[PDB]
Amino acid sequence: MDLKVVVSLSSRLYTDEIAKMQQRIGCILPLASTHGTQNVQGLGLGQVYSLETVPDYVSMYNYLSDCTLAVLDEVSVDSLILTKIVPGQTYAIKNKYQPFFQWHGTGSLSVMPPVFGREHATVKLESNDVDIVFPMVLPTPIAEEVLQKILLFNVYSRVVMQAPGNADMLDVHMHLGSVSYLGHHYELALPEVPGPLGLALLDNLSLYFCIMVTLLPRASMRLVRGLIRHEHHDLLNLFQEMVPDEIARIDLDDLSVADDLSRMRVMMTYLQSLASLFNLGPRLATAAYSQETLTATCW
Amino acid sequence: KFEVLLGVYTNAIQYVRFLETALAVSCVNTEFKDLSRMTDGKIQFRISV
Amino acid sequence: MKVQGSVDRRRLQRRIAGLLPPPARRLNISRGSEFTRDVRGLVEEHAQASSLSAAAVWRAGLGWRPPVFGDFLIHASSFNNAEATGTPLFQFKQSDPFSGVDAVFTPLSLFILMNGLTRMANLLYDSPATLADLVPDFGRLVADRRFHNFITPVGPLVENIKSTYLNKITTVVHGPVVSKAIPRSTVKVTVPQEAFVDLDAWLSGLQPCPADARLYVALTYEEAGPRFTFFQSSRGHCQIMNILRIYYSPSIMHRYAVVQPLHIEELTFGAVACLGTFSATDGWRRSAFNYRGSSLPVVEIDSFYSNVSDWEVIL
Amino acid sequence: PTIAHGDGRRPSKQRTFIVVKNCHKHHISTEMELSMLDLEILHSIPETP
């Protein structure tokens with residue numbers, strides 16, 4: 001019910017880094033194991049993310065969700081005082097990310113690996129030959145958008161192999177490259193080569209997709225095939241007057257409510273399971289916020 | 001009728017203190033009142049050659 | 001000329017005397033004067049706890065964690081009088097008559113219904129046809145695969161007042177498991193050691209160790225009938241399902257014959273729920289049952305915080 | 001008694017345990033004889049030397 005964790009440093013502070021660490025007060029980082037005394041290298045995210053190593057971000061998500069998360073509380077010349085995240089406790093939080101994102105009230109926050117920039121969220125302590133890597137806390141919308149972009153890139157990279165360069169320039173860096181915000185645009189770091197352990201999510205995705213596409217309903221296809229041709233809609237701006245003929249080929253047979261209903265039941269049941277393969281991030285609920293202090297109360 | 005029972009207790013302590021040990025000749029022992037507050041300390045030797 | 005030592009006991013006595021919470025207020029109703037005096041103390045305490053004017057009237061300086069008890073009534077055949085306290089139980093829904101019996105179920109009762117541990121379960125239940133009478137559509141609900149929706153987890157039992165036909169049962173629903181009769185003596189939760197798979201060792205830099213380790217529950221329709229499995233893992237709700245599917249793949253390969261291409265109602269391989277959370281870095285303990293034909297080894301885990309979850313589809 | 005530890009491990013709990021012994025019982029038996037004549041003449045009253 002009361003948890004205070006001290007991490008001891010063998011070497012000294014080396015004040016060159018302490019100022020940057022001190023304006024870095026009150027922010028999250030995941031620690032290795034829950035004990036009163038910790039090792040210095042297990043403290044940051046520096047273990048999972050080596051400088052020479054190519055980033056595979058689903059592995060970073062897997063490491064990040066497993067480890068306990070801690071609130072930085074105070075840096076001392078030889079000490080790191082951090083209270084941790086008890087699952088049933090409420091505490092304040094204050095954040096400053098160099099990719100700076102503005103929060104709303106009662107908006108759930110997701111914890112993610114620092115996909116944007118290594119120099120940004122990582123502080124090198126070469127005195128111990130270590131590097132403290134802070135994780136990224138974002139509002140849930142932008143979090144799921146960025147994760148989806150990451151997985152779609154991990155697919156289309158395997159796809160765009162041996163295709164015209166017009167595939168190489170466009171899909172690889174038009175939508176999978178940048179993430180927008182209100183009058184703002186942030187680039188992403190992209191894995192030069194497709195990463196293993198990322199598609200391990202995609203295999204399960206393909207499984208669910210096979211099972212779901214075995215049980216798709218019929219009437220919805222008829223409604224859409226009618227509405228694209230007879231009427232105009234903004235959601236139907238995507239489809240032009242021409243229809244993908246796949247829908248025409250599946251559509252051929254008549255309707256029956258008794259068939260649609262059991263398909264709908266099993267489709268609903270297979271839709272509750274996707275939330276496990278889509279979250280991959282510990283979520284924090286907002287209770288109150290002040291832009292004048294940038295200090296919210298997450299939960 | 002309520003029964004009250006007695007069961008005996010023993011202690012295996014032995015009186016032991018730091019100064020009464022001989023090791024205390026190795027160190028020099030000062031009592032600092034508020035040691036948790038002190039962040040860091042240092043000694044600065046200046047040696048002429 | 002004693003040394004006086006290095007640490008002082010006056011400080012410890014003082015700070016601990018400061019740490020003790022004030023005593024609960026007994027109210028004495030049998031005697032008049034004691035009643036009046038405790039009522040005087042009550043009005044003074046409310047005057048001392050609610051007036052922003054003064055500062056000593058500010059008392060909030062320096063948790064309520066019993067469990068939420070829920071009582072179920074069950075027939076004396078659908079429950080052994082000897083079955084140990086704290087075993088997780090799972091509940092079933094009756095259609096019209098619910099007041100007669102609740103028909104709460106035990107893991108050995110599920111092993112019996114589903115058809116060493118077999119012999120123990122028979123030495124508990126020789127003639128378990130009432131067990132078949134509790135679920136009339138068992139043979140129907142194995143195929144309709146709606147069996148998991150109705151089996152809702154109830155978790156560990158604390159007390160069972162014993163009667164001829166009915167049984168009174170108190171069940172921990174949410175919160176840590178605890179008792180009532182005394183200053184809240186604790187209990188522990190037992191699951192048989194066989195038919196339990198440790199998924200943190202099934203695949204066995206350094207993997208990180210979390211604070212809390214969770215227990216999941218899953219229900220699988222194999223060609224050798226349905227079966228239940230509970231999993232002691234710690235990684236995450238997003239990874240336990242993937243690792244479990246990887247585990248079941250050799251059993252999933254066999255279901256090509258049974259599945260129906262026309263009717264899609266049978267396809268689901270199982271569902272996973274999360275029962276509760278316990279302390280990691282400890283493990284569990286080994287004990288056998290002490291009944292007449294008791295040969296089953298059983299794992300038992302301390303520090304169980306019962307936080308039941310729903311059944312989630314896996315395939 | 002117990003020692004204080006400074007490492008990362010949880011603090012060692014103070015330990016008091018209960019030790020119960022059993023009391024044995026021994027029996028000893030000796031046999032002795034007295035001839036009937038030795039016991040008879042005690043009741044008779046001797047006057048002549």
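Residues numbered from 1 in each chain as written, not as in the entry; some residues may be left out. Chains lettered and ligands numbered in written order. Part of a larger assembly, values for the part shown. Heavy atoms only, no water.

With the PDB entry as reference, chain C is termed Triplex capsid protein 1, source organism Epstein-Barr virus. Looking at the PDB record, one finds the entry titled "Structures of Capsid and Capsid-Associated Tegument Complex inside the Epstein-Barr Virus". Taken verbatim from the UniProt record of chain C, the Subunit comment is "Interacts with TRX2, MCP and capsid vertex component 2/CVC2." Among the UniProt annotations of chain C, the heading Sequence similarities holds the following wording: "Belongs to the herpesviridae TRX1 protein family." (UniProt positions renumbered as here; feature names shortened; annotations may be inferred.)

The PDB entry annotates chain A as Triplex capsid protein 2 originating from Epstein-Barr virus. UniProt annotates chain A under Subunit with the comment "Interacts with TRX1 and major capisd protein/MCP."

A. Just the overall build of chain C, in detail. A count of helical and extended segments in chain C gives eight helices and 14 strands. For chain C, the C-alpha radius of gyration of 26 Å lies well beyond 20 Å, the compact-globule estimate for 315 residues. Its C-alpha atoms give chain C principal-axis dimensions of roughly 85 × 60 × 45 Å. The centroid of the 31 positive side-chain charges in chain C is displaced by 13 Å from the centroid of its 27 negative side-chain charges. (Helix = DSSP H or I, 4+ residues; strand = E, 2+ residues; numbered from the N terminus. Rg over C-alpha atoms; globule rule 2.2 N^0.38 Å. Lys, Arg positive; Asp, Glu negative; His and termini not counted. Charge placed at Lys NZ, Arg CZ, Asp CG, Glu CD.)

B. The sheet that holds strand β15 (residues 295–298) of chain A, seen in detail. Residue and element names in this part refer to chain A. The strand order across the open sheet built from three strands is β6-β15-β14, with neighbouring strands paired in antiparallel fashion. Only two strands of the sheet have a single partner each, and these edge strands are β6 (93–94) and β14 (286–288). Bridging between β14 and β15 involves two bridges; their strand directions are antiparallel. Its bridge partner being in β15, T286 is matched across the sheet by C298. (Pairing = 2+ DSSP bridges.)

C. Quick peek at the arrangement of the chains. Across the five pairs of chains that are in contact, the largest number of contacts falls between chains A and C. No part of chain C reaches chain D; the closest C-alpha pair between them is 11 Å apart. (Contact = heavy atoms within 4.5 Å.)

D. Geometry of the nonpolar core. Of all hydrophobic cores here, the largest spans 91 residues; its most connected members are A:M21, A:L80, A:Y270, C:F231 and C:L244. If sequence neighbours within four positions are ignored, A:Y270 has contacts with A:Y208, A:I211, A:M212, A:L215, C:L267, C:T268, C:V313 and C:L315. If you look at the next biggest cluster of nonpolar residues, it comprises 54 residues, including C:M114, C:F138, C:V187 and C:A273. (Core = buried A, V, L, I, M, F, W, Y, C linked by side-chain atoms within 4.5 Å. Buried < 20%, exposed > 50% of the residue type's maximum accessible area, 1.4 Å probe, protein only.)

E. Spotlight on the side chain of C:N167. Along the polypeptide, C:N167 turns up in strand β4 (residues 166–172). Ignoring sequence-local partners within four residues, the contact set of C:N167 consists of C:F72, C:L73, C:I74, C:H75, C:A76, C:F79, C:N81, C:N160, C:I161 and C:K162.

F. Structural detail: the packing of aromatic side chains. Residues and elements named next belong to chain A. According to the stated counting rule, one finds 13 aromatic pairs over all chains in the structure shown. Judged by centre distance (5.3 Å) and plane angle (80 degrees), the rings of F101 and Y186 are edge-to-face. Of this pair, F101 sits in the loop between β6 and β7 (109–112) while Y186 sits in strand β12 (residues 184–187), and the two are 85 residues apart along the sequence. Classification of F101 by relative accessible area gives buried; the value is 4%. Among the aromatic residues, those joined into a cluster by ring pairs are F101, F116, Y181 and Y186. Of note, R24 hangs over the ring of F134, and the distance from its end group to the ring centre comes to 4.6 Å. (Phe/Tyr/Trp six-rings, centres within 6.5 Å; stacked < 30°, edge-to-face > 60°. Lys NZ or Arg CZ within 6 Å of the ring centre and 35° of its normal.)

G. The arrangement of the interface of chain C and chain A in detail. Across the contact, 25 residues belong to chain C and 25 residues belong to chain A. Between chain C and chain A lies a buried interface of about 2200 Å² when both sides are counted; carbon and sulfur atoms form 52% of it. At the boundary of chain C with chain A, the tally comes to zero salt bridges. Applying the counting rule to chain C against chain A returns eight residue pairs in polar contact. Put simply, the parts of the chain that give the side of chain C that touches chain A at least two residues each are α8 (237–252) and β14 (312–314) of chain C. (Buried area = accessible area lost by both parts, 1.4 Å probe. Salt bridge = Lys/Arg side-chain N within 4 Å of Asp/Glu carboxyl O. Polar contact = N/O pair within 3.5 Å; in protein donor to acceptor, adjacent residues only side chain to side chain.)

H. View of the environment of C:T281. All names here are of chain C. Within the secondary structure, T281 sits in the loop between β10 (270–279) and β11 (285–288). When the C-alpha positions of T281 and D212 are compared, they lie 8.9 Å apart, and in sequence the two are 69 residues distant. Within the structure, the side chain of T281 is placed 3.5 Å from the side chain of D282, a separation counted as a polar contact.

I. Here's a closer look at the sheet that holds strand β4 (residues 68–76) of chain A. Residues and elements named next belong to chain A. Within the open sheet, the five strands sit side by side as β2-β4-β5-β1-β3. Their pairing is mixed. Of all the strands in the sheet, the pair left with one neighbour each is β2 (28–31) and β3 (37–38). When β4 meets strand β5 (residues 79–84), the two strands line up antiparallel, connected through six bridges. Considered in β5, the bridge of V75 is made with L80.

J. Representation of the pattern of salt bridges. Residues and elements named next belong to chain C. One pass over the structure, following the stated rule, counts nine salt bridges over all chains. Across the salt bridge formed by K180 and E159, the nearest N and O atoms sit 2.8 Å from each other. Here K180, found in the loop between β5 (174–176) and β6 (189–192), pairs with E159, found in strand β3 (residues 152–162); they are 21 residues apart in sequence, far enough to count as distant. Where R227 meets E222, a salt bridge forms, and the shortest distance between an N and an O atom there is 3.5 Å.

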